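Accompanying notes for the structure given below.
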Amino acid sequence: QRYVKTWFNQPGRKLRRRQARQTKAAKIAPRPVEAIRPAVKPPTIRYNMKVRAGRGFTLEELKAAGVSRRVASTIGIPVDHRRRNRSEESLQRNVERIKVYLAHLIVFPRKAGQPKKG
Amino acid sequence: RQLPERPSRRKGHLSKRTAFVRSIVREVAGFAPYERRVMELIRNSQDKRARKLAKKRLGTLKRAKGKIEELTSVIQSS
Amino acid sequence: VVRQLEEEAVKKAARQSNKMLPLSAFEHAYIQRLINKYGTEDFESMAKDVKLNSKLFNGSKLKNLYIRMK
Amino acid sequence: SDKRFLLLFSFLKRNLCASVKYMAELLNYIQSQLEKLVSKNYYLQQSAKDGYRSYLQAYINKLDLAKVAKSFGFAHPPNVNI
Amino acid sequence: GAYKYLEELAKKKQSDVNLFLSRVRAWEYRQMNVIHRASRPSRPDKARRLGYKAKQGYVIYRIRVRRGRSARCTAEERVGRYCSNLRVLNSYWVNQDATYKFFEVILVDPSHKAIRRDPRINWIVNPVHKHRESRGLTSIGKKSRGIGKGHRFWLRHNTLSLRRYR
Amino acid sequence: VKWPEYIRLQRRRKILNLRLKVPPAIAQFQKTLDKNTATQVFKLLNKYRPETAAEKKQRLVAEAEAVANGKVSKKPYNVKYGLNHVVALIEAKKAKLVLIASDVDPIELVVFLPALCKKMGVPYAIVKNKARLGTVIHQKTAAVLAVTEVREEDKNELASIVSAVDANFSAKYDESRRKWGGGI
Amino acid sequence: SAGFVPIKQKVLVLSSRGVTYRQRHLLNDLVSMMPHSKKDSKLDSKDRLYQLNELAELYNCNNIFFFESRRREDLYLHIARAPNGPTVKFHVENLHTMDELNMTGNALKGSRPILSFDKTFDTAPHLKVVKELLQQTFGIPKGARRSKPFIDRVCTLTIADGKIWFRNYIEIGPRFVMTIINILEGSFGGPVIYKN
Amino acid sequence: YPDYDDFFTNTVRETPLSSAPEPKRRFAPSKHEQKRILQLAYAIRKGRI
RNA sequence: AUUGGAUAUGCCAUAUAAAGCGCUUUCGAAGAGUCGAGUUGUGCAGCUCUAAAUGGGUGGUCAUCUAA
RNA sequence: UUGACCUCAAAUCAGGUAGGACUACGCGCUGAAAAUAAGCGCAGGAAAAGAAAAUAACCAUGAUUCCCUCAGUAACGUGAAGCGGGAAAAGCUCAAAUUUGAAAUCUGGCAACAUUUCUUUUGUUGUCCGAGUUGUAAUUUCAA
Numbered sequence: 019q020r021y022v023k024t025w026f027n028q029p030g031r032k033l034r035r036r037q038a039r040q041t042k043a044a045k046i047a048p049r050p051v052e053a054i055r056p057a058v059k060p061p062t063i064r065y066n067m068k069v070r071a072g073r074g075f076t077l078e079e080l081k082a083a084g085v086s087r088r089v090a091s092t093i094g095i096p097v098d099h100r101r102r103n104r105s106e107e108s109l110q111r112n113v114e115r116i117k118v119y120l121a122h123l124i125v126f127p128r129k130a131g132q133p134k135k136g
Numbered sequence: 018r019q020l021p022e023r024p025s026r027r028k029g030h031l032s033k034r035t036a037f038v039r040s041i042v043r044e045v046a047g048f049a050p051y052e053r054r055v056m057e058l059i060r061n062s063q064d065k066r067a068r069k070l071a072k073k074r075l076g077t078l079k080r081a082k083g084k085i086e087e088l089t090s091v092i093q094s095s
Numbered sequence: 137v138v139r140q141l142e143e144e145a146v147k148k149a150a151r152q153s154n155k156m157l158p159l160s161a162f163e164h165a166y167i168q169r170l171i172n173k174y175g176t177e178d179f180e181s182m183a184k185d186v187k188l189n190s191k192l193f194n195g196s197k198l199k200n201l202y203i204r205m206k
Numbered sequence: 320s321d322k323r324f325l326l327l328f329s330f331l332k333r334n335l346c347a348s349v350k351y352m353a354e355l356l357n358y359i473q474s475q476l477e478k479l480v481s482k483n484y485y486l487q488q489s490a491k492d493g494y495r496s497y498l499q500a501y512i513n514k515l516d517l518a519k520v521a522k523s524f525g526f527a528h529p530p531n532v533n534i
Numbered sequence: 002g003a004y005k006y007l008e009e010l011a012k013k014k015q016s017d018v019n020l021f022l023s024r025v026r027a028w029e030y031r032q033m034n035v036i037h038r039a040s041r042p043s044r045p046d047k048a049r050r051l052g053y054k055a056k057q058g059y060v061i062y063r064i065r066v067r068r069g096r097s098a099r100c101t102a103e104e105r106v107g108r109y110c111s112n113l114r115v116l117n118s119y120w121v122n123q124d125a126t127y128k129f130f131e132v133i134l135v136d137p138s139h140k141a142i143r144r145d146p147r148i149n150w151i152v153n154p155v156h157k158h159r160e161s162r163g164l165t166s167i168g169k170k171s172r173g174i175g176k177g178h179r180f189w190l191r192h193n194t195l196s197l198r199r200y201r
Numbered sequence: 050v051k052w053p054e055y056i057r058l059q060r061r062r063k064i065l066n067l068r069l070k071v072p073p074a075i076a077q078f079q080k081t082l083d084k085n086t087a088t089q090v091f092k093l094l095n096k097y098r099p100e101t102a103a104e105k106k107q108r109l110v111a112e113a114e115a116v117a118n119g120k125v126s127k128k129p130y131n132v133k134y135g136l137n138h139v140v141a142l143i144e145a146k147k148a149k150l151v152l153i154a155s156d157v158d159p160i161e162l163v164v165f166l167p168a169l170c171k172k173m174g175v176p177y178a179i180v181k182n183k184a185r186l187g188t189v190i191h192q193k194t195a196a197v198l199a200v201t202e203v204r205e206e207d208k209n210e211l212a213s214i215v216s217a218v219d220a221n222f223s224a225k226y227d228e229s230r231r232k233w234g235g236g237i
Numbered sequence: 035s036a037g038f039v040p041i042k043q044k045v046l047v048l049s050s051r052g053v054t055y056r057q058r059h060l061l062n063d064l065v066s067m068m069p070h071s072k073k074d075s076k077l078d079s080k081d082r083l084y085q086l087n088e089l090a091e092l093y094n095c096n097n098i099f100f101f102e103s104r105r106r107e108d109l110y111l112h113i114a115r116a117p118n119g120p121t122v123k124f125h126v127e128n129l130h131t132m133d134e135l136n137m138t139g140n141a142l143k144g145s146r147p148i149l150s151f152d153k154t155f156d157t158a159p160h161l162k163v164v165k166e167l168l169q170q171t172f173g174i175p176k177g178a179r180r181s182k183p184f185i186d187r188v189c190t191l192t193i194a195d196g197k198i199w200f201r202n203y219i220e221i222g223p224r225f226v227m228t229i230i231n232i233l234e235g236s237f238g239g240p241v242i243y244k245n
Numbered sequence: 199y200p201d202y203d204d205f206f207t208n209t210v211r212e213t214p215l216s217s218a219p220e221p222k223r224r225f226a227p228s229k230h231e232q233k234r235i236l237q238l239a240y241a242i243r244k245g246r247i
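Residue numbers (the authors' numbering), protein chains in the order written: chain L, 19 to 136; chain i, 18 to 95; chain v, 137 to 206; chain D, 320 to 335, 346 to 359, 473 to 501, 512 to 534; chain N, 2 to 69, 96 to 180, 189 to 201; chain G, 50 to 120, 125 to 237; chain A, 35 to 203, 219 to 245; chain m, 199 to 247.
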């Protein structure tokens, strides 16, 4: 029962993180605070009946959904080069996760580079 | 769903060059003390004594096995 | 606000829309000499040419330079 | 084996799938001279290398590969697979 | 590329060629100083793959240590103390004999404009990278102190998480 | 005469090489090309020297001013140098003649070269000293040169030299390359 | 040549990567118990046990005893004849070794022991083959190197509750319960002739 | 110290070691000199060289 | 008084270029006195020996990962 | 007789850098009567770890760290980990393949021209010397 961890900074850690959320999105307004995560099945027998947020959409999920790896991280769609679709169920649950995302997305135009000649 | 091959699992198959580069070094470098002793025992056909010597040197049977056919093929090519 | 963001978005896409690019004076001559001698549609023949097609441009880029001329 | 093309080239002059394409490409463009042009032409070299791939695959241990490549117009046999 | 041949030739460490060179070279180094600078890597492929480029800023030193902790780990700390203005990138085994093991130690200059401007070794200029060898951050440091992903590899034990509303 | 520690190191090392039983792969790098063929090899090579960084600029400015005012060539013919570049060329069988510096410091670099050039059937020779091969390419040192293709004008000279390297380097020795050097 | 002074019975011992300390002691104790057995370093493969036949031929061993440790807690003992022969795979638990002071039996090393087999061994056709193979392996061959002609130990094999209770006698300390699972007609593989 | 034995190099290997084709780099005029030339022209136009 | 990042607009711009994705009658290099075996000191380390290429590691013939 | 290099020196050579302090937290190493204290080395505003030579045995998960839970369980009085819930999220770079129709690369000297938290800071352009072919750029990193 030596050195103790005492949580008197729990209420101030609650606000420190709230202000960090406030500081972050204020820097990147139009875009959401967080990325979209996929929906994945937990890897056990106690938990395979539930759905939970994944780490990102695999290469094939984005390929069928219509975004390539390079343009999918710009618009905020994390990729997961580890995860892979072993069954058509997970493919369809996450392909139509990006479908609703790409419908609700307003990609603002950037600045182009136009050389004087061709 | 069948899945396309992940290119990491391709590892260790072989190459036409990496095999060729390994063949040249085998000839150029020569042979280690123990490989010289093992090779002589094959020429004298004391193979059972030869193979048991290899396992003592390397440590495992498959490693000892694999080196034997490397040297025997070298013998036939020579 | 969401409606305002939408019309602002499609506005800028309209202002910066002309992604088409012209041909520099070199290219203007470069594709003209190829088309003045290999007809206009035989993009496989121009690619195989060794003298006029010095840069060894593939057929896909030859059409790209063609449509870019108009 | 290293003079098959030369006989056809001479006979055609006297009586004037990919392998068929390779023959036409050289005939339109036209032994060291033949080997020089192919090694100096990019489009022609691709056809010639393809032609040897088809002929060797179509035909195994009997044919002299080095002479076969000389027939097509290459200095040495290319690193064709089978 | 020759670096393919060299690497497959450095595997056979007792063949006729390697044995001659080991005894010939281990004699050379033992006449030279214990920590002596090399004008070039004695293994231009192993140094190559560990982060050495033939360009100004990259420094090779050779060091022998008696046999009988980790020898590679001592090779870092002894040279890192010898060239005290230089960062320790990696190191490798070059030769051994019945008493010594010889290593070469790759060092870079944080103060060199050819290093401070190339964005693949800019990182080691940073202050956090002072004396990596003295803190177990080289490859032999991370391997030795168990740093490794897997099941094979204090205060979380002997504290009390005495929360507020317990 | 108390020698410096490094003079003693240089000379003892030289004596050591001639005394030990050198392996055959390192023994071949002591019996090299003769002197008459060496100057003849470099007589040709000094025709195909790559242009210096001084010439490569003075030439490229001429094109730039031609473009800048108002404005195509033939393949540049020169000698191929660099260990990785040359080793690739032999394997790709694009090299007509390989010249190997006799005294490369870590001998690991070229010890496999005579075997590889023999394997691909590329006529090779072990020319004396790297600094000779260095000056051909405008460098301090070259571990290996290789002639890959020469103009038709000098095609006859190269063929004449290649038959000499065959007769003077590979026809001679050959068997002596398979004996352990040193032991003297 | 092929063999000088060929003993009647020869054995080989193999060990697993993942055997606990208590599993290690059991192999060490039995190895010293059997003078006709030769100890060898570990075999890497987990399911490729066919390599044992080539090793036994290399060492001129007639019987192969592979100690396999599953999940780093159990111990599966497999015994098979050198040339073809039936392979018996069993899980050995309830093991006591010489590191237990509960048994204070003492005997000279290498002494040929007397085997007492229960009548239940011959009752079943499958158990009859196991009893004969165990008797042949446990029996110290005549003229074996380092063997002792005198006999001072007795080994009792009994079939009770489907588990063989290994008893050596005053008890020596080695007491294990082996549960025979499968008997394969081949050596470490092939067709299956019996199942648990 | 036995005599050198060549159990691999006693024969000459006719095919090239690599199977990959020749990229069009080695038949077209250099692109790298083109970057240099166009940068050289630009300095001339802008009055640097 | 210094500044962060966007926005509008002007002037230059090497675009003879560079990049993503369809397709393949082509190929796919992958880290050694290190893995590892024997023993010793408390996973790592010392000594003795010393590897391979669908190979190697780790799990339960399959799965999973691709160290130095 | 003259020169290439290779290795090795010397200089109050041109320009640089290291040391000592603080040490609450960091990373090592050494170590008692707890992997503790003391000792020793080394850093930063955080350090370390970190984009799987990872789990699992599923309908599978997917860098690291941290919190809760797992759990005083498992294994052997010591004392886990995966899964589960959360906080935060970001990915990447080399070596190994010929730029070979062109070392395309970089330090430095001088000369200019700008810029500046700043006359103190930071560069660009030209030009000469060198570095470098025993390999500096472009390209590629297995997800390919």
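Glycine residues also receive a C-beta, built at the ideal position from the N, C-alpha and C atoms.
Counterpart residues of residue i in DSSP-defined beta bridges
| i | result |
| --- | --- |
| residue 240(m) | DSSP, once it has assigned bridges, lists no residue as partnering residue 240(m). |
| residue 130(A) | 224(A) |
| residue 200(A) | Residue 200(A) pairs with nothing; no bridge assigned. |
| residue 123(N) | 128(N) |
| residue 71(G) | 234(G) |
8 Å Cβ cut-off: residues of chain v touching residue i
| i | result |
| --- | --- |
| residue 484(D) | 186, 192 |
Chain-ordered chain m contacts of residue i [CB-CB under 9 Å]
| i | result |
| --- | --- |
| residue 126(G) | 227 |
Closer than 9 Å at the beta carbon, the chain G residues around residue i
| i | result |
| --- | --- |
| residue 216(m) | 141, 144, 145 |
Helix, strand or coil at residue i according to DSSP, with G and I counted as helix
| i | result |
| --- | --- |
| residue 189(N) | coil |
| residue 348(D) | helix |
| residue 231(A) | strand |
| residue 164(N) | coil |
| residue 158(N) | coil |
| residue 234(G) | strand |
| residue 228(G) | coil |
| residue 68(L) | coil |
| residue 220(G) | helix |
Neighbour list for residue i in chain i, Cβ cutoff strictly below 7 Å
| i | result |
| --- | --- |
| residue 103(L) | 18 |
Interface residues of chain i facing residue i [CB-CB closer than 8 Å]
| i | result |
| --- | --- |
| residue 204(m) | 44 |
Within chain v, partners of residue i - CB distance below 9 Å
| i | result |
| --- | --- |
| residue 233(m) | Ordered by position in chain v, no residue passes the 9 Å Cβ test against residue 233(m), which lies about 14 Å from the chain. |
Worksheet item: Does the count of Cβ pairs from the region 183 to 194 of chain A and the region 144 to 157 of chain A closer than 8 Å reach three?
Response: Contact holds: three or more Cβ-Cβ distances are below 8 Å.
Fill in: the region 234 to 242 of chain A in contact with the region 83 to 90 of chain A per 3-pair CB rule at 8 Å
Verdict: yes, contact present.
Discussion item. Counting beta carbon pairs with one atom in the region 72 to 89 of chain G and one in the region 171 to 181 of chain G, are three or more of them shorter than 8 Å?
Written reply: Enough Cβ pairs lie closer than 8 Å, so yes.
Worksheet entry | the region 62 to 94 of chain i: positions lying closer than 7 Å to chain N by Cβ | So nothing in the stretch comes that close.
Worksheet item: Can at least three beta-carbon pairs, one atom from the region 109 to 125 of chain L and one from the region 84 to 95 of chain L, be found at a separation below 8 Å?
Response: By the criterion of at least three beta-carbon pairs nearer than 8 Å, the region 109 to 125 of chain L is in contact with the region 84 to 95 of chain L.
Discussion item. If the cut-off is 7 Å on Cβ atoms, which residues from the region 6 to 30 of chain N count as contacting chain i, listed in chain order?
Written reply: Per Cβ criterion, the list reads 6, 9, 10, 13, 15, 16, 17, 18, 19.
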